[PDB]
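A.B. asks: Chains as they are written, first to last, in my numbering: chain A, 2 to 428; chain B, 16 to 69; chain C, 3 to 340; chain D, 207 to 643.
The structure under discussion is supplied below as structure tokens; questions concerning it will follow.
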Ligand SMILES: Nc1nc2c(ncn2[C@@H]2O[C@H](COP(=O)(O)OP(=O)(O)OP(=O)(O)O)[C@@H](O)[C@H]2O)c(=O)[nH]1
Ligand SMILES: Nc1ncnc2c1ncn2[C@@H]1O[C@H](COP(=O)(O)OP(=O)(O)CP(=O)(O)O)[C@@H](O)[C@H]1O
Ligand SMILES: Nc1nc2c(ncn2[C@@H]2O[C@H](COP(=O)(O)OP(=O)(O)O)[C@@H](O)[C@H]2O)c(=O)[nH]1
Ligand SMILES: c1ccc(Oc2cccc(CNc3cc4c(cn3)[nH]c3ccccc34)c2)cc1
Ligand SMILES: [Ca+2]
Ligand SMILES: [Mg+2]
Ligand SMILES: [Mg+2]
């Protein structure tokens, strides 16, 4: 059961490099790709993300994509920069200029076939490929435009393979350019159709968390990425370690996605912690449960009380009473049953892994498929219309061959997605 | 009350006690259903590759 | 914070119970199809008992005893009595009755009605109240479904002033431990027109239902005499009490009825628990001998007693299972050694 | 002597199969390497244990079993398990991709790619039989393989072996031990498709096994290992009459005769006692009367329900250990006057009793304590329909919104099969009620 990882653009590669930095530590792989741990549990399901080569040196099944070499050169000189297969560094020179059209139609189209050659090369080595995973932002050009172009072309060559993504949503609080709503709207259209799981990461939520909880007056992208990497590691725990849960990506997706278009998840994590700030007090199970269900710990700026949970998945890590876990989980549902749909029995499932992450003696990762996610898309839609009603900044796109009608369609499909979530919120 | 059909052996014994008296599809049809469902997949997969072709 | 649901809206009794629960600020009402409940105030027909006690981490309770309809149905009650040895056909406190199916023990009814007619004995029966068999057997076949024929108590106790008929209604509560709680405040649903021994067809003086008789409000407010008065009347008119002359017989009939079916409905070792409010209807003859008329599975209460009873239910039946952060009941128990 | 072939489908089926054959070996004194010192007929024979085991000239006793999963990891643990030498590689069959808890995928999609292979590997066993009775099929309702591929196999077995009987050991889904949400769909779908192909099916609700392990074995959070070793004991009690000398339920045909008067209503309720913890320092051994009386306590049933509010059609009492007919009849007499036991009018109110003097064997280092006498009651009561009511209600809630349906349709299944199956289940609930009230 192998997974092929891809990371596109500036944001995608930086959280992606961070992901491989974190889980490489959990699996005891050093920057040079050599194993150095104590237990053997951290090698039973390591075939999922790593490739064995030249005398038990482990190489990530990762493909690093970008339309400019700036970010990928930083990755290569970074902490775990050496671990990555050098051939898997596929990059252009022109950049995308935070333009979805450049990444999806022109500049990216010129490079996409080169990436697929690496994807194809990795896939054919897998005994049984179970799916792909992508890390990118939706507010830029490459990770947004080319990222979705890759997904569309991956689905064409692998129409029966699971595609999950970790998608960073743009927000005016943490913004690079004003055309982010445009790029995001165009990308969501692509994600609604061609992915099985999308973990919606709002930079607004990551910002508010870093400021209002972690007590960081001015958070950087580095701070924001500590939160993401912790979540990325968490949701893949039970796939990376031997445990109770015998499930591939497909099976996992079947039990979380009641409707094909509604697969946009709210990720959460507890306890919330900043870089460097050392936690001494291990949380009790009641505290882990209460925190992972609190809005303040969600990483999409959406209030779960403004919607209902279609499905919920939780992963507790560390040494704890699995009985106490079941009791506390069953306590949340029975105390707030109005926030869970009644027409999907037992829609809250839990799993436990004995291995905790680095720095914490026990932690919990929250995956919620709430209808409250519509607030996220409604925000993008508002910011989108405000410019589009005046056709502002549109020349950047029409200069790359796009027509106004394609924007009108993308706008309609997301408003459809919003209305879809609203249908099941009132059932 | 009434014990009957008492049978005994080295391994054990069995009996009956009464307290009160009273008062397929063919191999053809299967392979047809399976292959009819396969064509429904092929049609769905085709509409996808068609949609992606556009 | 416990949770509950309501699946019977016509229940005047548990409409008051749902009220009281919400007023404690420790109970929360859910939707009628929400399974994650602690308490269920179920319906009267096809209550899904099979779906109770299958929710992990939820102690579930219901306000009905599954199988308690055998006692609360006239056709079943007669069967239950003359089939169960604990009560037997030789029952002293239950009128002689037979089950008759429209075109069964019809042949058994005839012979029993032989010397009751051709033997100078008194003779009146009830389903319509008549003194001739064919007058009854023709009526049951004319309506539709099964009825019960029963001996009519021709010599009822009569209240003066008025020379009136009456029937006693007792409210009994069975908790999850099958403790049998008799409510101390019962009621006499009395007649206002004088009982007529001759003509039976005018049923305003024979049938003592609160519905039929609405001389209403003459002697009593609502044709409802409570125990404090009925006790005083007995003391003045017959030199006896309510406890002695009637209540001992009532407390006996109640226990005998519920202890009979206990092994068939008890939720002692079940995965879901049950409690239920019953309404026993009794009848006293001139010799102060109490007769059981029927048992009501879904009883309505008296206006005065709604507040007190509906509070009592919460205390012993609900809060006993779900505790929150002198008694109005009489516990019926008796262990005679022999 | 007539042989029986066991078919273990899916994760639940395989791991339970492991637990059963592990227990069978200990009961017959067969070693992990397949050697049975007590068997003096080397190379073959037609004893009662040969019903479940064939023999090689080398003296190895191999199970007449086939393990099938659409996914290697579970069965791989058999290939490398302590009983690895016991089985033949041909008996173990694996795919590469599981059915992902998708009935349609295990039945139509992936099932089609392997159905011919399994039937062949089964035919290899049937060719070694002198007089095949039929098959015992172990699986789960909730699994895609256990539900999807099982129903497909059960259809084909009725074609290739039309005469032979077929019994089921089915795991009814419980939220406490499952991470799945679509199990109600899979359960209804496989029941509808297998119903006319199953002569007798023994259901086991994981909920009941789970609470029994918590209540009586004092295990706070039962693992599948805890659940299976208890389930294996129940299965052993039920199959003991096929593997040992006796005159009650000696062939698979007699199971249907004794327990199943009406074909569709072929789901007998199992109740087992006593279940005693091995860690229990002090234990007073229970009598015939006490263990027999425990067969009428819902807390000891494989499925939680209330037989008091239903009617019996058949009832078997299977004792193991120090028991004689005299004590049983006395126990039955006492219980009859205390409990509510109503039979249908067209059946005699009675009990078929089977006793095996050998007390129940316990897995060394297991959770179960050795007892002097145990019993397993097999009663065909209409009260088991409560399990269908539960399952059909959960099915209705999800399907009214067509939740998860696209996963099945995406595998070639039609939305109509959901309703056909649900209506068949609705007919079944009605059949139970016609008989029961
Ligand atoms: N009692 C018991 N139940 C099990 C066991 N393994 C799985 N189950 C139950 O089986 C159900 C899920 O079906 P599985 O058997 O795991 O799936 P499968 O048959 O392998 O089919 P796939 O979906 O293709 O994997 C859940 O309800 C589990 O509780 C087991 O070892 N013992
Ligand atoms: N054998 C009998 N002898 C005298 N009166 C009788 C009787 N059977 C019935 N009654 C009268 O019938 C009246 C009410 O009838 P009954 O209670 O049988 O029907 P019902 O169920 O509609 C009233 P409830 O709503 O309390 O159940 C009683 O008040 C009683 O006077
Ligand atoms: N969390 C996080 N978000 C980022 C980072 N870099 C850029 N973003 C966000 O992504 C958007 C810009 O996309 P970018 O990755 O620069 O586009 P690309 O490199 O051309 O694919 C903006 O909305 C930023 O807020 C990062 O390092 N971390
Ligand atoms: C970079 C890293 C990661 C990314 O996203 C993913 C990739 C692979 C796998 C997963 C995890 N998916 C998942 C897990 C569970 C689930 C449904 N889905 N239901 C559960 C119930 C209990 C326990 C776990 C789960 C996410 C993208 C990019
Ligand atoms: Ca031999
Ligand atoms: Mg940038
Ligand atoms: Mg499996």
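For each residue, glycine too, the CB sits at the ideal point set by N, CA and C.
1. Mind pulling the alpha helix (DSSP H) runs of 4 or more residues that sit fully within the segment 350-409 of chain A?
2. Short of 7 Å in beta carbon distance, which residues of its chain neighbour residue 218(C), apart from the five on each side in sequence? Order them along the chain.
3. Can you tell me whether residue 285(C) sits near ligand 2, meaning its C-beta is under 8 Å from at least one heavy atom of the ligand?
4. If you reduce the DSSP assignment to three classes, tell me which class residue 201(A) lands in.
5. Would you identify the three-state DSSP class for residue 94(C), choosing helix, strand or coil?
6. With distance defined between alpha-carbon atoms, name the residue in 589(D), 628(D) and 615(D) nearest to residue 642(D).
7. Against chain C, does residue 603(D) count as a neighbour if the rule is that its beta carbon must be under 9 Å from one of theirs?
8. Rounding to the nearest angstrom, what Cα-Cα distance links residue 141(A) and residue 29(C) in this structure?
9. Is it the case that the CB of residue 276(D) approaches a heavy atom of ligand 7 more closely than 8 Å?
10. Buried or exposed: which applies to residue 177(A), given that a residue is buried once 16 or more other Cβ atoms fall within 10 Å of its Cβ?
11. Return yes when the C-beta of residue 293(C) is under 8 Å from any heavy atom of ligand 2, and no when it is not.
12. Would DSSP call residue 293(C) helix, strand or coil?
13. For the pair the segment 169-176 of chain A and the segment 193-213 of chain A, tell me if three or more CB-CB distances fall below 8 Å.
14. What residues from chain A crowd round residue 387(D), counting only those whose CB sits closer than 9 Å?
15. If you follow the alpha helix (DSSP H) that residue 552(D) is part of, which residue opens it and which one closes it?
16. Taking a Cβ distance cut-off of 8 Å, strictly less, list which residues of the segment 318-339 of chain A are near chain C, in chain order.
17. Compare the beta carbon distance of residue 146(A) and residue 104(A) with 9 Å and say whether it is the shorter of the two.
18. Quick one: is the Cβ of residue 200(A) within less than 8 Å of any heavy atom of ligand 4?
19. Inspect the beta-carbon positions of residue 117(C) and residue 282(C) and report whether they are closer than 9 Å.
20. Taking a contact to mean a Cβ-Cβ separation below 9 Å, would you say residue 148(C) touches residue 100(C) in this structure?
21. Count the other CB atoms within 10 Å of the CB of residue 51(A); is the residue buried (16 or more) or exposed (fewer)?
22. Please name the residues in the segment 502-514 of chain D whose beta-carbon is closer than 9 Å to at least one beta-carbon of chain C, in chain order.
23. With C-beta atoms as the reference, is residue 191(A) less than 9 Å away from residue 3(A)?
24. Compare the beta carbon distance of residue 333(A) and residue 290(A) with 9 Å and say whether it is the shorter of the two.
25. For the segment 397-480 of chain D, which segments carrying the alpha helix (DSSP H) assignment without a break, of at least 4 residues, lie completely within its bounds, in sequence order?
26. Let me make sure I understand the geometry here. Which of 559(D), 499(D), 532(D) and 525(D) has the alpha-carbon closest to that of residue 546(D)?
27. Report yes if the CB atom of residue 137(A) is closer than 9 Å to the CB atom of residue 8(A), and no otherwise.
28. What are the start and end residues of the alpha helix (DSSP H) that includes residue 168(A)?
29. Out of 234(D), 395(D), 386(D) and 333(D), which has the shortest C-alpha to C-alpha gap to residue 620(D)?
30. Which class does residue 31(B) belong to by DSSP, given the choice of helix, strand or coil?
31. What are the residues in the segment 32-65 of chain B lying within 8 Å of chain A by C-beta distance?
32. Would you report the Cα separation of residue 170(A) and residue 139(A), rounded to the nearest angstrom?
33. Is residue 94(A) a contact residue of ligand 6, with contact defined as CB to any heavy atom under 8 Å?
34. With 9 Å as the threshold, decide whether the Cβ of residue 429(D) is near any Cβ in chain A.
35. Comparing C-alpha positions only, which one of 606(D), 528(D) and 519(D) sits nearest to residue 37(B)?
36. Determine, for residue 467(D), whether the minimum Cβ-Cβ distance to residues of chain A falls below 9 Å.
C.D. replies: Let's see:
1. 375-389 and 396-399
2. 194 and 225
3. yes
4. strand
5. coil
6. 589(D)
7. yes
8. 51 Å
9. yes
10. exposed
11. yes
12. strand
13. yes
14. 255, 256, 257, 259, 312, 345, 346, 347, 348 and 350
15. No alpha helix (DSSP H) holds residue 552(D); DSSP gives it neither H nor E.
16. 327, 328, 331, 332, 334, 335, 336, 338 and 339
17. yes
18. yes
19. no
20. no
21. buried
22. 503, 504, 505, 510, 511, 512 and 514
23. no
24. yes
25. 412-421, 430-449 and 458-465
26. 499(D)
27. yes
28. Run containing residue 168(A): none in the alpha helix (DSSP H); it sits in the beta strand (DSSP E), 163-170.
29. 395(D)
30. strand
31. 60, 63 and 64
32. 6 Å
33. no
34. yes
35. 519(D)
36. no
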